[PDB]
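The chain that follows stands alone, in the form deposited in one PDB entry, written as structure tokens.
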């Protein structure tokens, strides 16, 4: 994990970065695809996974490697692996422990994407996921069984902005001998470390917060390295020596089991590999993640207060709020804030929200979150237009719903902009 016990701010700046022979203080962009092997042994050794080193950029990259380590350090885990996007980090994570005919138990509150994947695409492939209501931790136990291999939820609903009892669902899963995978995109390691509250694997859509400016895509998978793969016995690929990899037992890697299996199977075969550039820009984003998340909260705090007190605001979801049905969860798991993404409904309903959008100057109309620039959009008509009233209202998406992602601009300017706009709907 973290060697000389460094604090978050130090880890987000140094984690997994070494200095090569050139003395280059910044991580070089290893925009290469292959690596020269010392001799014919090392070649066979690297491809056999028995000799530590670079192999192929689809599999390995000195730049991307620093991201794996660094994110893991922040997430306080044991090993990380990066991928083309968040969607791919999810697809890989799932496929690593779910075969055909098997199933997984995932929360009702999910990003339009994560959802339409679990339900339409990966099922089509014979892996259906049973959607439970995250508000009642026990609600998962009811759909669990023998074909179930992992309990999946999002650290903060998208757009349900609903918290969940991490520790509860973690045991409910371990009691049945399966792992807890938490999609921490919305919370980030600075706000919450699912791996330290009952989670085994944490996925991220670095595209959003880790990246920081809406310029780069990428996903990350971090493992806690705290789940006996043999014990539970429910994960064969992990137990049964791999013929294709020289009878290697993934469970023998320990803290690196889950991640070295994605890299050697899913990643190598499906190839949703990140480009060294993207990884570079992620390293820059991480070098300031905390600082930006800190402002993302204090800004959202101020913007939420002003919005709650405005007559023209019907309702406002935001766990930290003293009267949100999740306030208690917030205080227990999110001591530093609940993010900067929130939903709200206006008093003039649907036509009013879109109207507000059409008047704001500092809020951009687009599909994204966690940009340094503030954003707003109406989920139902976009990011979740892949779900019918059936799932739509099941994930909290109502015709009057409007979503906001608070940037790092000046709170006064954002409030002023919001004011002038509402003063016209």
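Residue numbers count along the first chain shown, from 1. Between two forms, the rigid core is defined as the largest C-alpha subset superposing within 1.5 Å.
The mean Cα B-factor in the deposited entry runs higher for 397-405 than for the other of 397-405 and 13-21. For the pair 155-163 and 286-294, the mean Cα B-factor is higher in 155-163. As recorded in the PDB entry, 328 shows the highest C-alpha B-factor of the residues 183, 328, 75, 269. Taking only the listed residues 362, 365, 49, 26, the entry reports the highest CA temperature factor at 49. In this PDB entry, the Cα temperature factor of residue 60 sits in the middle third of its chain's modelled residues. Among the modelled residues of its chain, residue 32 has a C-alpha B-factor that falls in the lowest third, as given in the PDB entry. The entry lists a Cα temperature factor for residue 238 that places it in the highest third of the chain's modelled residues. For residue 125, the recorded CA B-factor ranks within the highest third of the chain. Only modelled residues enter the ranking. Ranked against the other modelled residues of its chain, the C-alpha B-factor of residue 38 as given in the entry falls in the middle third.
Form deposited in another entry: not shown, discussed below.
No residue in 29, 357, 372, 394 other than 394 shows a CA shift of 2 angstroms or more between the shown form and the other one after fitting the rigid core. Core-superposed comparison between the shown form and the other one: the Cα of residue 383 travels 2 Å or more.
Legend note: Cα of residue 221 to Cα of residue 384 is at least 3 Å farther in the other form than in the depicted form. In comparison with the shown form, the Cα-Cα distance of residue 390 and residue 90 increases by at least 3 angstroms in the other form.
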